[PDB]
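Scroll down for the structure; my scribbles are underneath it.
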Amino acid sequence: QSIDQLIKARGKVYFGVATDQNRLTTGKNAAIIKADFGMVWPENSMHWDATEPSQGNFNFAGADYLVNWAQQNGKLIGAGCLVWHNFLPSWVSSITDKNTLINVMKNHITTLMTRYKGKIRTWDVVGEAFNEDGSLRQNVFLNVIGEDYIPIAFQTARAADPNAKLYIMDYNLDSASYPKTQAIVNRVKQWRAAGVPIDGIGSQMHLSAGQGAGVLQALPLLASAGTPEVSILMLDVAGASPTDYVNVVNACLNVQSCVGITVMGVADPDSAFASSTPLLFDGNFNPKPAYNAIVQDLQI
Ligand SMILES: O=[N+]([O-])c1ccc2nn[nH]c2c1
């Protein structure tokens with residue numbers, strides 16, 4: 001059975017997965033995505049160092065392949081992350097002039113979103129902007145532009161493609177009592193009250209064993225910021241316990257504004273954390289206990 005069709009039957013938008021061209025052309029990934037998933041995200045091909053490795057030199061072959069394959073196979077597309085400190089080329093993190101970095105950020109955002117205008121459901125515009133204590137992360141954008149970079153990024157993205165849902169995403173938002181979780185909620189409330197167009201919060205759920213249960217309290221706390229949507233992104237669970245996975249799926253089902261869930265790849269050997277066997281399909285592309293548990297859960 002298809003977890004995407006089953007989750008749609010429960011009123012959600014999608015069950016999605018990260019992928020890219022060389023997964024689609026190898027293994028059984030294309031077959032499984034076609035059958036079982038409803039949305040795809042670029043695993044690496046929308047990283048800043050993948051798409052703009054030197055200033056104004058844009059590389060879109062990888063992302064084009066993903067977008068075209070998704071359109072051909074009737075899948076939704078999410079993409080990101082436009083502004084974050086990861087996968088940033090040196091040419092960007094060596095900029096010290098505020099106006100230059102603002103326009104470099106804006107051109108990166110606008111060029112990518114314009115190319116795929118109207119084809120992308122969800123864009124992750126700002127990522128990993130928070131420290132663990134809830135203060136803003138001192139990345140090049142904060143250091144050179146200041147805290148206005150976040151409103152600027154979102155405004156720029158809304159202008160480039162007003163059809164896209166625009167998200168802020170972060171990790172370690174998996175416990176309701178953790179400072180980072182309350183902090184992103186507080187800032188997103190205040191940004192939106194000021195007119196900043198943040199449509200969603202995305203929770204990057206790279207989980208340890210037993211952390212699924214806590215998401216049942218954390219996800220509702222995130223939804224309390226009042227964004228139109230929240231989502232679960234980058235999901236994997238060390239050990240891939242059925243209990244952990246079913247708890248995360250149920251958190252999504254419990255939160256009205258949660259639109260769907262994206263897993264961090266299809267089969268275990270293609271995970272960055274392969275030793276931890278954290279995904280829903282094994283090295284022979286068979287559905288694992290966690291996949292079948294999700295099916296059972298989704299089937300007062
Ligand atoms: O949910 N995802 O797996 C995922 C993967 C890569 C991304 N880049 N921006 N947002 C992302 C989400």
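Sequence positions, counted from 1, serve as the residue numbers for this chain. Whatever order the structure lists ligands and atoms in, that order sets their numbers, starting from 1. Only this structure's heavy atoms are used, side chains among them; waters, hydrogens and symmetry mates stay out.
- When each atom of ligand 1 is checked for a heavy atom of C81 under 4.0 Å away, the hits are 8 (N), 9 (N).
- Residue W41 approaches ligand 1 through these ligand atoms, each under 4.0 Å from one of its heavy atoms: 10 (N), 11 (C), 12 (C).
- Counting atoms of ligand 1 from 1 in the listed order, those under 4.0 Å from a heavy atom of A18 are 3 (O).
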Are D236 and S276 close enough, and set up right, to give a side chain to side chain contact (heavy atoms under 4.5 Å, CB included), and what steps lead you there?
CA-CA 10 Å; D236 53 39; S276 77; over 6 Å; no

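- In terms of protein heavy-atom proximity, atom 7 (C) of ligand 1 is closest to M234 CE, 3.7 Å.
- For the pair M264 and ligand 1, the shortest N or O to N or O distance does not fall below 3.5 Å.
- Residue-to-ligand polar distances keep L233 apart from ligand 1: every N/O pair is separated by 3.5 Å or more.
- Residues meeting the side-chain contact (heavy atoms from CB on, under 4.5 Å) test with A63, sequence neighbours left out: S45, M46, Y116.
- Residue-ligand proximity, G80 to ligand 1, at heavy-atom distances under 4.0 Å covers atoms 8 (N), 9 (N).
- Using cut-offs of 30° and 60° on the angle between ring planes, the pair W84 and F87 is tilted.
- Distances between N or O atoms of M169 and those of ligand 1 include no value under 3.5 Å.
- Scanning for side-chain contact (heavy atoms from CB on, under 4.5 Å) contacts around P89 gives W48, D49, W91, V92, with sequence neighbours left out.
- Residue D124 has at least one N or O atom closer than 3.5 Å to an N or O atom of ligand 1.
- In terms of protein heavy-atom proximity, atom 6 (C) of ligand 1 is closest to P42 O, 3.6 Å.
- Residue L82 holds its CG atom at 6.0 Å from CG of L112, rounded to the nearest 0.5 Å.
- Of all atoms in ligand 1, numbered sequentially from 1 with element shown, those under 4.0 Å from a heavy atom of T262 are 1 (O), 2 (N), 3 (O).
- Looking only at atom types and distance, the side chain of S135 has a donor-acceptor partner in the side chain of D133 under 3.5 Å away.
- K98 forms no cation-pi arrangement with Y149, by the criterion of a distance under 6.0 Å to the ring centre and an angle within 45° of the ring axis.
- Checking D20 against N44 by side-chain atom types alone, no donor-acceptor pair falls below 3.5 Å.
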